[PDB]
Structures are given as C-alpha cells and as structure tokens.
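So the chains spell out like this:
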Amino acid sequence: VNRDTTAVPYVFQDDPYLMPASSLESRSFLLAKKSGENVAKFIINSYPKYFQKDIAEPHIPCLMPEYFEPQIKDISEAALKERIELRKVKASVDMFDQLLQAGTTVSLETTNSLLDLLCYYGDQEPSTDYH
Amino acid sequence: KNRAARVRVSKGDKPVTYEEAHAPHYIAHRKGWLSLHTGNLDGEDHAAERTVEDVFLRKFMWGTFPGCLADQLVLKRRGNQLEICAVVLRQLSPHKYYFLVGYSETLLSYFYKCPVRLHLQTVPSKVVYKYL
Amino acid sequence: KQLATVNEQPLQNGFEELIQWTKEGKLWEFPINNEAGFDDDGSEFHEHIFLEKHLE
Amino acid sequence: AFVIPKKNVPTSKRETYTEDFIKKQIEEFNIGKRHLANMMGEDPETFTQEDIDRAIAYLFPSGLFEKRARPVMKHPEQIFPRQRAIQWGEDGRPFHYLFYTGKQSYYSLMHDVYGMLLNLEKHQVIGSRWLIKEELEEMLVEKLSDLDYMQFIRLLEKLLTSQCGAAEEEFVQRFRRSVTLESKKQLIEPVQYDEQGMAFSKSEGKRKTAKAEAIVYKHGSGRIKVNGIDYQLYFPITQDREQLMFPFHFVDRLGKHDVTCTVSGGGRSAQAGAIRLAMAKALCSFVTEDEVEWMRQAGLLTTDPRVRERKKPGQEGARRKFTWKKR
Amino acid sequence: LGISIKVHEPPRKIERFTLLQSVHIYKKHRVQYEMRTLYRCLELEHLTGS
Amino acid sequence: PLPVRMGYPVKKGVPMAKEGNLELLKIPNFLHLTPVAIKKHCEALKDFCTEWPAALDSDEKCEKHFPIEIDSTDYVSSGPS
Amino acid sequence: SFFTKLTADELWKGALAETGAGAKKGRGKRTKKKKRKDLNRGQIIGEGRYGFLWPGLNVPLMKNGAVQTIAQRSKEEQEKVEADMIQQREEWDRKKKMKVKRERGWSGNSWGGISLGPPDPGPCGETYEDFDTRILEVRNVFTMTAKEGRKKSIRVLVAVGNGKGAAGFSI
Amino acid sequence: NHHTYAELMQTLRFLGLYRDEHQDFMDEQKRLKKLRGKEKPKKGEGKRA
Amino acid sequence: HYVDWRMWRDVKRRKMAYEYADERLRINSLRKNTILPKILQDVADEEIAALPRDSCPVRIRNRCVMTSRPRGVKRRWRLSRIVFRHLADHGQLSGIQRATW
RNA sequence: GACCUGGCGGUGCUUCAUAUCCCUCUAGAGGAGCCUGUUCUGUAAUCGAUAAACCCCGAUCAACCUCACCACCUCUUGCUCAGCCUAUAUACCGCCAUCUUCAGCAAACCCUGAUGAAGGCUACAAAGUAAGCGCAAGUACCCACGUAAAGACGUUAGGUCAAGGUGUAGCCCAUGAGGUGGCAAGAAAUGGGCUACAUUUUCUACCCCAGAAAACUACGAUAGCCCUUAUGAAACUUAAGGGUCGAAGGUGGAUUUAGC
Ligand SMILES: [K+]
Ligand SMILES: [K+]
Ligand SMILES: [K+]
Ligand SMILES: [K+]
Ligand SMILES: [Mg+2]
Ligand SMILES: [Mg+2]
Ligand SMILES: [Mg+2]
Ligand SMILES: [Mg+2]
Ligand SMILES: [Mg+2]
Ligand SMILES: [Mg+2]
Ligand SMILES: [Mg+2]
Ligand SMILES: [Mg+2]
Ligand SMILES: [Mg+2]
Ligand SMILES: [Mg+2]
Ligand SMILES: [Mg+2]
Ligand SMILES: [Mg+2]
Ligand SMILES: [Mg+2]
Ligand SMILES: [Mg+2]
Ligand SMILES: [Mg+2]
Ligand SMILES: [Mg+2]
Ligand SMILES: [Mg+2]
Ligand SMILES: [Mg+2]
Ligand SMILES: [Mg+2]
Ligand SMILES: [Mg+2]
Ligand SMILES: [Mg+2]
C-alpha cells in the first residue's frame, strides 16, 4: 500500500467534522489527544487497584499500572539502590545522608550511581505527571 | 399486549431512529446486532464475560460523552482487538472530542487489558427514520 | 532514548499501528497459538504422568 | 394576547423528490458505478447491474432474512417512487382539461376508450391476464379505487368483445400481461446403462423423515431388494408390502422389473412410503407418457407434505390444549 | 498462493430455548430464543509448514 | 465513494442513505479485501512459502514415506484471552 | 451497584407517572403533578467535585503558547466554584417560580374575553395581522364510546374582527 | 467485581470525566428532601431512645 | 457495592469455598474409599465437618450477576430471565434472535 | 320537556359460526391409589397469584444455603460517600394477562345540522380527502399451504414495590446487619396430572408368522416396610436399585375438558 493522497494523516479521525483543516488545527488536535492519554495515565497510576484484574492471555506487561514509589522502607544500602533506580533525586540524597550518618558502608558503585543520577539531573526532580 | 423494546405510536410527532422503530421480532430480519463476538457461537466459551463488558462499555460511553451520542453503539471484537463505533453529534468542539477519544481508548485498554479503538462518526442531527 | 526520539514519527497507516502493537505485546501474534506465553515450567510429559518417584 | 403554542416544521414532512434532485442522484450513481468497477478490478464500461449486485453482496455481506433490508446500489429510477410532474405552469393554468377531476390520467383513459367504442359502433387469451390494480396505478401514476378499476376493465372487455381494428387491438394489449402457465407434466428420468448394458433409472423419494433411492431395471423378474435385504424380510408388516406393490400393480407391471433401493430414516411406514415414491418416479422412464399421467392422477408421483407439526409452548401438544377451567 | 483448496458447507446448528414472557405468574406465556450457527469447511491439501 | 443504501424502506420511501446509517456500520465489510488487494497481497507473500515435495504426488505415496499422522487443532476466538 | 443504574429518561418517566391508570378517567387530581427537570443543563464536561483542570477539556489546551499540565483548584477556589454553581441554580429556579401577569377576561378563571392573537397566516403568504381574536365560550362536551366510555371534547366559540366592519365567528 | 466497577465510576464522577445521570437524579431528590425537612437523622441521636 | 446483602453473602461463600477447596478435596478422598481403615476414616469425617460452614460448595447459589435474582438464571450468561430478555430484545447479545419455526 | 352518543334488550328480519352454538365424531376429567398445587384447620414460624384472564402459578424447582419466616444471641458510620423483601401495583417505569379464535384507532382539513351534543354512504354514486398505527403484505420453519411470529388505540385503577429501578410516607441501638437452631403438618375439602381396573390384556424372546399367563399366588402402587447405592460436610427426609408387601380399583353421580 502507498500513501492515500486524499486523506489527512492516519493519526487524525477520518471524519469531515473532526479532520484537521489547518496547520494549527493539526498540531492542536494531536496535542488534545495526547492530553487525553496523559489524563488517563494519571488516573491509572493514581488508582492502580481499579486496573489490577489481569484477564489478558498472554499477559501484557505494558497495559499494567506503574508503581513509582519505593517499596523498601528499611534504611540500608540495598534499599537505597531502589531510590536511585526510581530516579528519586531528593529521597536518594536524604536517604544517602541518613545512611552516612548511621555509619553503614555504602559501596562505591552505589555512590557512583547516585552521582550519575544527581549529575545528570542537576539535583532537580525529573518532571512528573502531577503531585 | 407485548411491550419489549417497542416505541409506541403517538400523535405523529415523536422522531425515532431506525433501531428504535423495529421491535424485537426483527432482530435478524430488518435490523442486525449491535455487538459481534464469538461467545454465543456453538462450542464457544466466555459468553458471560463478553456480556458484562458490553453492558459496561455502553454505560461508560453514555456518561463519558454526555449528550453527544446520536444512536446506539456498535461493539466489534476481532481476536484481541475491541472496536467501538459511535455515531456522535456535531455540537461538542473537536478539541474536546479528541481529548475524550484519547482518554477513553487509554483508560479502557488498561481496564480490559486489550487494544481498544474508538471510531467516531459525526452527524449534523439525529437521523430520523420515521415520525411515530 | 534520544536516539529513539530522532527516528520517532507518527503512525502512517493501519498496518503500522498493528506492527507497533505487536512489538509492544498488546496484539496477539499470528498464526494463533492457544498456548502462547504459557509454559508449565518447561515440564516434561514424564513428570506429569509418572508420579511414583514421589511415593518412595 | 394568549399565544397558542405555534406548530413547528411539519413533523410528518413527507419527502418529495424534485426532478433536479433525481438528476443529481443519477450522476452520483454513474460516478459510483465507476468506482465499484475500479474496486473489483473490472472494466468500467461493461459493468452491468448484475455485477453491481454481486460486488455489493461481497463488499457489504448482510445475512438479514428480508432482502429489502440489505444494502442496495440500484439506479435511482428503480429506487425512488415514480412521481407525477407539475400539472400547472407559472400562470396557474393546469395542463390537462380533466385536471380538476383529480384523476386526469384515469378519466382521460376512460374518455379515450369510450371514444373508440363510439367510432367502432359507427363503423360497424389464456396466456394474457387483465392488468391488476396495483400495476394499473403505476402506469397512470394515480391512486384508484377497487370500483374504479372494475369500471375500467369492464370497458376494455366491451372493447375486446366487439370487432376491433389494428389500432384498437394494440391499445388493448397495453393493459394485458403475460402468464407463464406451469405444466403439470412429470419429468422423466434419463435411462442409464450399467457395466453389463442393462437399462436402469435411478430416482429419489421422501416421506416424513425417511429418504429412499430406488434403481428400477427395465427388465427383471420382480425382485425387490431393500438395503440389501429381500423385501418381505425387510417389511414383515403386510401393509408395507402392499405399498410397494401399488406402483407396479397400477401400471400392470408386476414381475417385470427388478428394484434395488436403499432407505434410511423414519419408521417402517414412512420408509415404505418413501420407497413407493422413489420406485414410482424411477418406473416412469419405462412406462408410456399416458401411463405416467395416470400415475400422477392416482397420487403415485406426489411427495406427501404431511410432516409432524411442532409443539407450541403453553399447550400439551401441536393442537392439544391444557384442561380449561371456567372457574 | 498455489494452495489446493476444496470448500464444503457442513449442516447448520440451531439451539433454541424458552423463557417466561411476564415478570410474574402467567406461566402459559413464553418467549423463545435461538442461536443459529452456520459453518463453512475449507480443506487445504499438501501444504508445508511455512 | 459508493451511493450504497441500506434499511427496510417505509411506505413510499427508499432505503436510508449511507450517512448516519447504523445498519451499514453494523456489517463486517470487506472493503479492505477487494479482488485487486488480495492479488497484490498474495504477490508479496509468495516469498514466505515453501514448495511441497513433488515426489509426494498422491496420498498413497504420502503414507508410504510418512506412515504416522498427527492431528492437532487451534481455536481462533475473539476476546482478551 | 453500578450495573443497576438507569438513564435519566427512564428515571423521569417512572417518577413523573404521566402514563398510568390514574390519568385515564379523571382518576387523579392535577395539583400533585410534578415537572421534569433536566439535570444536565448547567453541567460542564470535565468539571468534578475534586476540581481538577484537564488541559483541552475543562480548561484551554494551551496557555501562553505552551501546553498546560494537569492542575487542581485550591480548596478555597473550589468552594467558590461550588458556591457560584448553587447560586446559578437558584436563579434559574427563581425564573421558573416567577408568575407572569396574565390579563384576565370576564373573570379570573374564565376564558371569555381573552385574546388569542392574530389568526395564523395562510400557506400562500397570506397574513391577518389586522384581525383580533377573542374567546366567547369554552365548554367541555362529552360523548359515549363503546371502548372508553366518556370521551371528553372541547367546544370553543371565538370571534374575529379587524375593527373596521369585518367580523366573523366560528366553532 | 462490583467493588471495582462501582468505585471506579464513582472516582471518575468526582474527577469530572463521567456524568452519572442516575446519581444526579438521586442527588436532586435528596436535596429537595432537606428543604422539605425529611433529612436523615443523626445516628444514635434518633427519634427513639 | 454489590446488588444486595444476599449477593454479598454469596460472594464471601464463593471466596471461602475457593480457599478451602484443596483441603476439602484431600480430606474427602480419605473418606470416599473402602481401602483405608475405618478408624482413620472416622477422624477424617470429623475433620471435614469442623471446617467453616461457608466453605461447603453446596451453599453457593448461582444468582443473577446484574440483579441478584436467585432463580430463572441462565448459566451460560449468568443473567436472570428478565435481564437476559432486556438485552436480547434490544439486539445487544451477539447472535441471539427470537425463535420462530 | 325534547334530543345526541354509547351500552343493553327473555329485541325483529336476513346471513352465518367449522373444533364449533346445537345435533353429530374420538379420547378423557368427575369414582380408586399415588404425585403435586390451593382452600381451610394447625404451627413460635414467610410473601405473591387466587371469575373467564388463580390453582406443577413467580419456581427451566425450598434437606443447610436458597430465605424474605420463627426463637435465642450478637453488631452499631455498618459489603456501599450506608442500609430497609418497611407501607402504598390506587403514584410509576420495566415486563405481561385479557377481549384478540378482533379490525379498528386516527392527526390535519373540508362539508352537514339555522355554526347544539354530534354526523359524513349510495359506482347508472348523493361530501368527504385523509399522513400515521394495526390488520394485510413481507419474513422464520419443509412451498404460494399450514404452524409460528405479529396483533394497534383502548377495556378490567387487571398482575407484579418480593426481578431490578423508582415518586410519596415511615424506620435509623433497628422495620437495618450477622451467627446458631428450628417450622414447612393433615381433621377435612378441592384443582391439575400419573398409574390402573385388564384379553386390542399380563410375562418372556423378538422388535410385529412365537411360547406361556389369564381371578383370593390373576390384572393392579412410581404407596408402606427393610436393605443397598448415588450426591453432599450433613439424607428417618433427595434420587436410583433390590427385596418384601399384593391394598383400593371391576370403567366411574350431577357435571365437565380437548381435538379438523
Ligand atoms: K374418570
Ligand atoms: K384428576
Ligand atoms: K418504593
Ligand atoms: K438458618
Ligand atoms: Mg401474548
Ligand atoms: Mg397427543
Ligand atoms: Mg380569581
Ligand atoms: Mg443449591
Ligand atoms: Mg380422581
Ligand atoms: Mg400460599
Ligand atoms: Mg393475597
Ligand atoms: Mg414444589
Ligand atoms: Mg431453609
Ligand atoms: Mg428485613
Ligand atoms: Mg393495576
Ligand atoms: Mg403464510
Ligand atoms: Mg401466537
Ligand atoms: Mg401480520
Ligand atoms: Mg388493583
Ligand atoms: Mg394484589
Ligand atoms: Mg432486623
Ligand atoms: Mg404392569
Ligand atoms: Mg415399591
Ligand atoms: Mg455418604
Ligand atoms: Mg400379582
């Protein structure tokens, strides 16, 4: 198949009323659709309980809710690695300091991973959906 | 007298669509089915879960697009895919339609764990089959 | 992730959407196999059928 | 002033299709007709109405039992109802001298036929049926009453009974349709030959839930084999054997043919009735045409439609009702 | 594709069942529903795995 | 681009037009599988096929060389599982 | 249960009880008749009790040439929106409670002497704007039918006149 | 799982994304019963004692 | 949020019956044979009788999933005859039509 | 006082009813036993239907559960941004009965009655035209037949707040929720059905060319009693089988049902 010259890009709804009619509408219509997808994703992650019934066979990992909060509450080096993997710049630093104050040994590799996270983001929280 | 799904004659001023104008004894004669899946075929399984999904989807779409739907939904299932075909009105702004399409497709895909598509057809006004 | 962004473009046609879903694992892989993704721990047939070893 | 709620746009809003609208519908059909040929990969110039129906049936498969509810792509002239043109011009003068009757077409026809009868007086079948009412209304594009239709047909009969000229006969034939009379003549089976060159004729029969296939040989000794078993053994009941004898006895050919039949389904009596039909139809090949007609008039070549009647809910049987209690 | 295919139509299956027509009492009055299953058997022959 | 109509017509009426016609929306159409598309599709799919062994002309030959036959069944239904 | 909820049309049809056995043969009085109220009138798509601002639905998609992000109105800000909504409803309801002064005829509850306005215009661009109509009598006549018994009909006498000599009446 | 369905659609209503015509109907009825005086009493501190 | 308290009691029974299904199956097998000693089979009789009452599968009721009606339910759709007819008569159940013959 | 419309008349004439009104045709019910409803009576112990149009009816179904009943015990923001099988089907939606084994209901106009309630046809025609709905036509099943389906507007404030939803009123330490146990019987009457009273029968073989049986050891219980088994956690109770037992019943009063 080749491109259909009479049709607008496939992403848009193929309907005379909904089809974009300008270069600005083209951009705004996609942005509105992306906003809708973002709102749904926010709800899905805000209330995972509602979307935890897995009925798909084979299992689809991508259609499951995402959990972004650290699930290990113990103050330990192994527990700190989780926060670095989750990219919690503030939690990792606060925990790393607490770990250092307690006096437990932090592996150079773990500290290097913390610097990588801190150096890349400049000690600023990565943009999130909403707080 | 039979009552089931019969819009009753009035003074000749009630507009009815083609689906609303046909009583249940026409469901395989003049009108088709609003849902197509395999659950109700001989030797097929999971008819109960397909029905609960259909009932929910029709309520979800009625409240998600308040006042926009111009007729009943057409639910289509092919393999893993779920296709919702809705005839809507041309009153709500297109921006709001695109937001609701992206929102409903995403929210329903995560709820029923399958790729869901929503195909909207706009009509200027409700299509009147006859006046009862 | 930046290298993925430069090659990123919107879906061009229906086939492309089907391909993306297949790669993401959303759509079923054809021809349909009713045991796709389910393995009973790679158990052999003799493990299921012959259970006398456990009765020792 | 008390404002009476004013009527909206007429709800009934009977749809009228003006001539310009129809002209636009024809252009749409011709353009759509070319796309449909392009879709199916056929020549746009030789795409007929029967190919259009075949293409639409494939592209839009509809199983609806009523064919008038299925997707259709026909010429607007066959879809839209034939509408009468405007009968008066801009000045307002109607175009027909019998306009104010309300039935200018009908009464103009009556006037013409009456005139022809006057001139004829001053000057002096089986296949054809008189045009029915619903079909005459279409010609005239007028709504007629049952009694109006009678009056008109009576005038035509008066015309036909009296001597008519070349022109008068042609006019009458305008209102006569053709009736294709089905022939009640039995269709003979094709006489076949086996490996040994013996003539035989295979046929089929059906009775209730039984179905028999009979092979009647042109020459034989009178041996009948049912499912590979001799007929008296397969049919111990005398009534069943009586039915097997009815076809051959009626044509007076007992002992002159050998039959080999296979019957499955039903009961003993239904099976005997099915074999009787199969044997009678097969035996028609070797009897004369006149004898075949006698077989038909005796009931030996008709499939008995009497089958079991279903049971309906709320009743004890097909017709049996539950005991009724007045009080 | 060069495949040898033969098509035949197996006999259809109609499954019928009855329900009460009214919400309460009126046992004599029933509504009967059916589900029709039609078949078409496509028989390929002499194929390879690919 | 077809003036296709569908719907049982009212008295002195015509089948409903295609716009807003829910009966046409209910049909599983074959507009994507026209004879032109099918022939073009299969032309691209010939590269994936392998050639049946010419030696195994008849079923009797198949039985002689391959005596065992294994029957299995796959079921294609609609749904999430 | 979410699966036991019906639509507004079904809920109002049952609650109003406009079609029943109590409205056939003058079996029910007219005082307790309740009126339908469309509860979707003042509702905006995207407005909820939590006060979230959905870009592209509840609020504009782009602000200052940039796509807005999901936001939530503050507690005090939502209270204002909720309070205003209550006020808007009260005003709309107030409009319906207001009674328009109807010019009475010969008596407060009499139809005699009430103007019906000008006669309706004809189908061929004919107008009767000069003529005035006034009711003279309104009677509830009855006949008896085999199926329903008493069948109520209205007999009305009106008089039309332009005030310049031309006047008529009809039933 | 009637909990998931009922709770999900209740959350979506409070978020402004689902219009529950039924729940709106019983909110107007419950609102008119307060103005009429037919309000639900306090638990424990009821008419009886 | 279930239709009524009766549905809610059946929901708990189906859950408890599932949790004890293996334990009940194992003990019953000891009872449903003539091989094992009667003394051992008598102890099993008491053990399965001491399990919670709501773990007994016979106490489960197939109620309509939409209206909780305990009778007139079609097992294939799990709907009461009144609810099934409402969906079927509106053309919302794939392939189900009125039967006439 | 005189009329309009309808109903009704043991009201006239004429024509008809096709399982149908009568005369006719066939098998039944009303008698016996048993199964299963209902009414009465009984029980601490549901509810609804209950002339035609209730009575193997809501139930394509109750040992616990189901359950809404009774006794006792327990819980109080309660599976639910509560709950209520509490009252009101004479507030309703929803789904239906009934005439219907009908063919009528009709908006919008026009005309008649002196511009009253109302009425509106004559075909060699004299004021009716009529959208729409139903019938019809089409469609399902094996046909164009038949059977299904369909069958309007209305009638019986007909049935159903106990499918679910819901207006009004009532309960909120209880008219709500949970646990354990328990009742669902028969003085009596009666509806529907099942099996019989036998010789066109009983038993066996066979599935229609047989041998026996044939009146106090015959025909006749699917009841009673005993035992076993099936399902279940639970069976004197539900079901199946075997043994034992061998009763009324000898063709049924007034009357009554169904079938082309
Ligand atoms: K009797
Ligand atoms: K009886
Ligand atoms: K209520
Ligand atoms: K109990
Ligand atoms: Mg009926
Ligand atoms: Mg019979
Ligand atoms: Mg006053
Ligand atoms: Mg049970
Ligand atoms: Mg008796
Ligand atoms: Mg009772
Ligand atoms: Mg009662
Ligand atoms: Mg019972
Ligand atoms: Mg109990
Ligand atoms: Mg209670
Ligand atoms: Mg009533
Ligand atoms: Mg017919
Ligand atoms: Mg019928
Ligand atoms: Mg009909
Ligand atoms: Mg009543
Ligand atoms: Mg009652
Ligand atoms: Mg209580
Ligand atoms: Mg016997
Ligand atoms: Mg016994
Ligand atoms: Mg046991
Ligand atoms: Mg004896």
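Rules used in this analysis
- Residues numbered from 1 in each chain as written, not as in the entry; some residues may be left out.
- Chains lettered and ligands numbered in written order.
- Part of a larger assembly, values for the part shown.
- Heavy atoms only, no water.
- UniProt positions renumbered as here; feature names shortened; annotations may be inferred.
- Near = heavy atom within 4 Å.
- Polar contact = N/O pair within 3.5 Å; in protein donor to acceptor, adjacent residues only side chain to side chain.
- Core = buried A, V, L, I, M, F, W, Y, C linked by side-chain atoms within 4.5 Å.
- Buried < 20%, exposed > 50% of the residue type's maximum accessible area, 1.4 Å probe, protein only.
- Contact = heavy atoms within 4.5 Å.
- Buried area = accessible area lost by both parts, 1.4 Å probe.
- Salt bridge = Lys/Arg side-chain N within 4 Å of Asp/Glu carboxyl O.
- Nonpolar A, V, L, I, M, F, W, Y, C, P; charged D, E, K, R; others polar.
- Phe/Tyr/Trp six-rings, centres within 6.5 Å; stacked < 30°, edge-to-face > 60°.
- Helix = DSSP H or I, 4+ residues; strand = E, 2+ residues; numbered from the N terminus.
- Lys NZ or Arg CZ within 6 Å of the ring centre and 35° of its normal.
- Expected span 1.5 Å × (residues − 1).
- Arc of directions from axis to C-beta.
- Pairing = 2+ DSSP bridges.
- Axes fitted to C-alpha atoms, helices over the stretch in contact; angles between N-to-C directions.
- Parallel < 35°, antiparallel > 145°, perpendicular 65-115°, else oblique.
- Left-handed = near helix turned anticlockwise from the far one by under 90°.

For chain E, the PDB entry supplies the name 28S ribosomal protein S10, mitochondrial and the organism Homo sapiens.

The name that the PDB entry assigns to chain D is 28S ribosomal protein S9, mitochondrial, with the source organism given as Homo sapiens. Regarding chain D, the relevant UniProt record gives this comment under Subcellular location: "Mitochondrion". The UniProt entry for chain D carries the following comment under Sequence similarities: "Belongs to the universal ribosomal protein uS9 family."

**Here's the deal with the protein's contact with RNA strand J**
Taken together, 132 residues lie near RNA strand J, and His29 and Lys130 of chain B, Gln21 of chain E, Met144 of chain G together with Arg85 of chain I sit nearest. Expressed as a percentage, the sugar and phosphate content of the atoms of RNA strand J within 4 Å of the protein is 70%. Within the side chain of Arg63 of chain I, a nitrogen or oxygen atom sits 2.9 Å from a phosphate oxygen of RNA strand J.

**Here we look at the nonpolar core**
Ranked by size, the top nonpolar core spans 75 residues in total, and within it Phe56, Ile84 and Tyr103 of chain B, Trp54 of chain G, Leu12 of chain H together with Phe84 of chain I carry the most contacts. Excluding anything up to four places from it in sequence, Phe56 of chain B contacts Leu108, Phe111 and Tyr112 of chain B, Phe2 and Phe3 of chain G together with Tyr5 and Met9 of chain H.

**Digging into the interface of chain A and chain C**
Taken together, the contact between chain A and chain C spans 10 residues of the former and 15 residues of the latter. Where chain A abuts chain C, roughly 880 Å² becomes buried across the two surfaces, and 61% of that area is made up of carbon and sulfur atoms. At the surface where chain A touches chain C, the tally comes to 0 salt bridges. For the pair chain A and chain C, the number of links is 2 residue pairs in polar contact. Class assignment for the residues of the side of chain A that touches chain C results in 8 nonpolar, no polar and 2 charged.

**Looking at the packing of aromatic side chains**
Taken as a whole and judged by the stated rule, the model has 44 aromatic pairs over all chains. Each ring, one from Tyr47 of chain A and one from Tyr50 of chain A, has its centre 5.7 Å from the other, and the planes form 15°; the classification is stacked. On the basis of an interplanar angle of 55° and a centroid distance of 5.8 Å, the ring pair of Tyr50 of chain G and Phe14 of chain H is categorised as tilted. With one member in each of two chains, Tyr50 of chain G in the loop between helix 1 (8–16) and strand 1 (52–53) and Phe14 of chain H in helix 1 (residues 2–14) form a pair that bridges those chains. Residue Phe14 of chain H is classed as buried on the basis of its relative accessible area, which comes to 14%. In textbook terms, an aromatic cluster arises when at least three aromatic residues are bridged by ring pairs, as seen for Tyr47, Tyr50 and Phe51 of chain A, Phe56, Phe60, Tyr103, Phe111 and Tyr112 of chain B, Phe2 and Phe3 of chain G together with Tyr5 and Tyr18 of chain H. Sitting over the ring of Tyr106 of chain D, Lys103 of chain D keeps its end group 5.9 Å from the ring centre.

**Section: helix 6 (residues 146–161) of chain D**
All names here are of chain D. Between the first and last C-alpha of helix 6 there are 23 Å, a value that for 16 residues agrees with the 22 Å anticipated at 1.5 Å per step. Within helix 6, burial applies to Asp148, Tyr149, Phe152, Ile153, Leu155, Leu156 and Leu159. Angularly, the buried residues of helix 6 cover 155° about the axis, an arc narrow enough to put them on a single face. Residues of helix 6 that are exposed and angled more than 90 degrees away from the buried face: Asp146, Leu147 and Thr161. Looking at the buried side of helix 6, the elements it contacts are helix 4 (104–123), strand 1 (128–130), helix 5 (133–140) and helix 7 (166–173).

**Observations concerning the sheet that holds strand 3 (residues 74–78) of chain B**
Strand order in the open sheet formed by 4 strands is 2-3-4-5 (chain B), and the pairing between neighbours is mixed. Lying at the two open borders of the sheet, with one neighbouring strand each, are strand 2 (35–36) and strand 5 (116–123) of chain B.

**Side note on the arrangement of the chains**
Sorting the 22 pairs of chains in contact by contact count puts chains A and B at the top. At their nearest point, the C-alpha atoms of chain C and chain G are still 19 Å apart, with no contact between the two. At their nearest point, the C-alpha atoms of chain F and chain G are still 21 Å apart, with no contact between the two.

**Let's talk about the pairing of strand 6 (residues 132–145) of chain G**
Residues and elements named next belong to chain G. With 2 bridges connecting them, strand 5 (residues 115–117) and strand 6 associate as antiparallel partners. By the bridge assignment, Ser115 is partnered in strand 6 with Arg134. One ladder, built from 13 bridges, connects strand 6 with strand 7 (residues 149–161); its direction is antiparallel. The residue bridging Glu137 from the neighbouring strand is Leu157, located in strand 7. Between strand 6 and strand 7, which pair antiparallel and follow one another directly, the connecting turn spans 3 residues.

**What about the sheet that holds strand 6 (residues 224–226) of chain D?**
Residue and element names in this part refer to chain D. The mixed open sheet is built from 6 strands, whose spatial order is 3-4-5-8-6-7. Since the sheet does not close on itself, it has two edges, and those belong to strand 3 (192–193) and strand 7 (229–230), each with one partner. By the bridge criterion, 3 bridges tie strand 6 to strand 8 (residues 259–264) in an arrangement that is parallel. By the bridge assignment for strand 8, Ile224 is matched with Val259. Sheet contacts for helix 10 (residues 268–283): strand 4 (199–207), strand 5 (210–217), strand 6 and strand 8; angle to strand 4, the most-contacted strand, approximately 145°.

**A closer look at the interface of chain A and chain B**
Across the boundary between the two partners, chain A contributes 32 residues, which contact 29 residues of chain B. Carbon and sulfur atoms make up 68% of the surface buried where chain A meets chain B, a total of about 2500 Å² over both sides. Looking only at chain A, the three residues that lose the most surface to chain B are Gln13, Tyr17 and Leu63 of chain A, adding up to 25% of its buried area. Between chain A and chain B we count 1 salt bridge in total.

**Brief notes about the packing of helix 2 (residues 94–112) of chain B against helix 1 of chain H**
Following both chains from N to C, one finds helix 2 of chain B and helix 1 of chain H inclined at 160°, their axes separated by 14 Å at the closest point. The pairing of helix 2 of chain B with helix 1 of chain H is recorded here as roughly antiparallel in orientation. Two packed elements cross with a definite hand, and for helix 2 of chain B against helix 1 of chain H that hand is right-handed. Contacts between helix 2 of chain B and helix 1 of chain H involve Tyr103, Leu107, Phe111 and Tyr112 of chain B from the former and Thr4, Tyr5, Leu8 and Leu12 of chain H from the latter. Considering only residue class, the contact of helix 2 of chain B with helix 1 of chain H consists of 7 nonpolar, 1 polar and no charged.

**Brief notes about the pattern of salt bridges**
Residues and elements named next belong to chain B. Inspection of the entire model under this criterion finds 51 salt bridges over all chains. Note that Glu53 is salt-bridged to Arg77, the shortest N-O span being 3.1 Å. Placement of the pair is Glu53 in helix 1 (residues 47–64) and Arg77 in strand 3, with a sequence separation of 24 residues. Comparing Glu53 with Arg77 shows no difference in burial state: the two are buried. Overlapping salt bridges bring together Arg50, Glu53, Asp54 and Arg77 as one network.

**Some details on helix 5 of chain D**
Residue and element names in this part refer to chain D. Of the residues making up helix 5, those classed as buried are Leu136, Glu137 and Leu140. An end-on view of helix 5 places all buried positions within 105° of arc, on one side of the element. Exposed positions of helix 5 whose direction lies more than 90 degrees from the buried face are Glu134 and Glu138. In this structure, the buried side of helix 5 is in contact with helix 4 and helix 6. Two residues or fewer past helix 5, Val141 is found with a positive phi of approximately 60°.

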